[PDB]
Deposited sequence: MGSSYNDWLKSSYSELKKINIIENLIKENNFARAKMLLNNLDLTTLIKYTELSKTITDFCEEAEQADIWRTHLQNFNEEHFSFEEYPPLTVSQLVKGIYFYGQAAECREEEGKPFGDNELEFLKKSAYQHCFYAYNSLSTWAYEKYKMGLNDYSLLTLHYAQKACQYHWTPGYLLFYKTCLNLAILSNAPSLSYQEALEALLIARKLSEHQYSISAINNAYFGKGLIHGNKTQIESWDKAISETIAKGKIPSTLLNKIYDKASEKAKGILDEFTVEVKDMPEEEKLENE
């Protein structure tokens, strides 16, 4: 029984048979393991401790292919990374079955994936909200930028590149696009100032599946120059934006030293 099988691992953790509970947890498929952490406070708390991180790394290493391997980087934990990848994979299968993009099932898995702060989910959800906004639903632009902003909290350069691209797409549909282009420039500059950090290099690996920053979104100076030209950003505001980007990027690089 499902209720009986959960109580078996729950009691092992309560009886302090940690090696025995960890032994049974490793035999589970990822679907059942994740489902147990959702149905049991005892299981999920045990699976979030430091010595249980190898349970998730085994599943993370199963996702690795021949010419691509996922990499870990803070602030996200290894369980958030594995659950986010799994729920996003379930969303991709839901789209294959329904036949249309962003069905109810796919959106449900995308939000569970975004709850684990998966970059793929934030990227796909921002596209979903942008198309909603583009077809006339005005307040969905709020969700579009929110999902891109959350990607900045956890995914370093690819996150800020998503926020930068989201601001460009919102500027296209805006009648006063100056503020959108100014916000796009700041996020674009921050993405460059973070592109050298080790954790951001791993984020670029995961976000674009090892295909690099060029085969995912042309050149740094080319993109910066076109944002300033398209946005008609005056020279007075440039120094303010460059200073804000350097200040916010410095606080990020100092926290991860």
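Sequence ranges 1 to 13, 231 to 234, 275 to 289 have no coordinates in this entry (deposited sequence, numbered from 1, C-alpha basis).
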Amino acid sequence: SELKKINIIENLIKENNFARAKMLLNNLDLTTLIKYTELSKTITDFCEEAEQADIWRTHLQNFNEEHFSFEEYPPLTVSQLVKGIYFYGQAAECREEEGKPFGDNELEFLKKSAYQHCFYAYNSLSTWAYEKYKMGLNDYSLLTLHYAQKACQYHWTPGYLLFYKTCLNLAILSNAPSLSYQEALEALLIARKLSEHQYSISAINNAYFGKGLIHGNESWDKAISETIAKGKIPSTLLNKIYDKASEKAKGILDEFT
From here on, numbers count along this sequence of modelled residues.
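The PDB entry reports B-factors from which the mean C-alpha value can be compared for 191 to 199 and 25 to 33; the larger average falls on 191 to 199. Of the two stretches examined, 76 to 84 and 169 to 177, the record assigns the greater average C-alpha temperature factor to 169 to 177. Of the candidates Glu96, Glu131, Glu186, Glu106, the deposited coordinates give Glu96 the top C-alpha B factor.
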